[PDB]
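Before any questions on binding or motion, here is one chain by itself as structure tokens, the form deposited in one PDB entry.
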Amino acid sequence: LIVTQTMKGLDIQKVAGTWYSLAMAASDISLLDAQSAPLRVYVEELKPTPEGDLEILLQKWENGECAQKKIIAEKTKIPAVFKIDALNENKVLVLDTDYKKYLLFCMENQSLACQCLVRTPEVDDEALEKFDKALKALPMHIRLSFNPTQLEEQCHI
């Protein structure tokens, strides 16, 4: 592991709905620098299933255009940790959430990216503070932040 913050008592059902990728950070600049960078992903919505897996809808710049993406995170024995089936299986960790305003999560394979998710297209200073505090314990080298205008655009244009 690298991340050692996970949320206790996570009720996955309650993260359902609309999210905005307010800020992102990664351990390597190449993970986030270009518009087409591997982990430069913009969360649209989370749909927990009844079995407790997590369907994710997001946007990614790929074809020289903003593409829709539907991916599936499978549950593990840890309620705050999920697993996506890629070539090498990537781990998703929910560090913290209050369900109604913000959610903080990291993705790790080694390399790592984290995001601050918010419910509304607004700069939540407080959620950004939690994000930054969760991150000082991590070796990040690129950090991005978006404004309310960009949050309402496809791929944060």
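Heads up, when I say rigid core I mean the largest set of C-alphas that superpose within 1.5 Å between the two forms. Shifts are known only where both forms have a C-alpha. Numbers follow the displayed sequence, beginning with 1.
The same protein also exists as the form deposited in another entry; that form is not shown, yet it is the one meant from here on.
J.: After superposing on the rigid core, which residue among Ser36, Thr49, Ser30, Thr120 shows a C-alpha displacement of 2 Å or more between this form and the one not shown?
T.: None of the others reach 2 Å, which leaves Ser36.
J.: Align on the rigid core first; then say whether the Cα of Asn88 has moved by at least 2 Å between this form and the one not shown.
T.: Shift at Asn88: 2 Å or more after core fit.
J.: With a shift of at least 3 angstroms, figure out whether the C-alpha spacing between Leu87 and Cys66 grows or shrinks in the other form: closer or farther?
T.: Relative to the displayed form, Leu87 and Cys66 draw closer in the other form - a change of at least 3 Å between their C-alphas.
J.: For a shift of 2 angstroms or more at every C-alpha, which runs of three or more consecutive residues qualify between this form and the one not shown, with the core superposed?
T.: Runs 1-5, 33-38, 86-89 stand out as displaced between this form and the one not shown - each at least 3 residues long.
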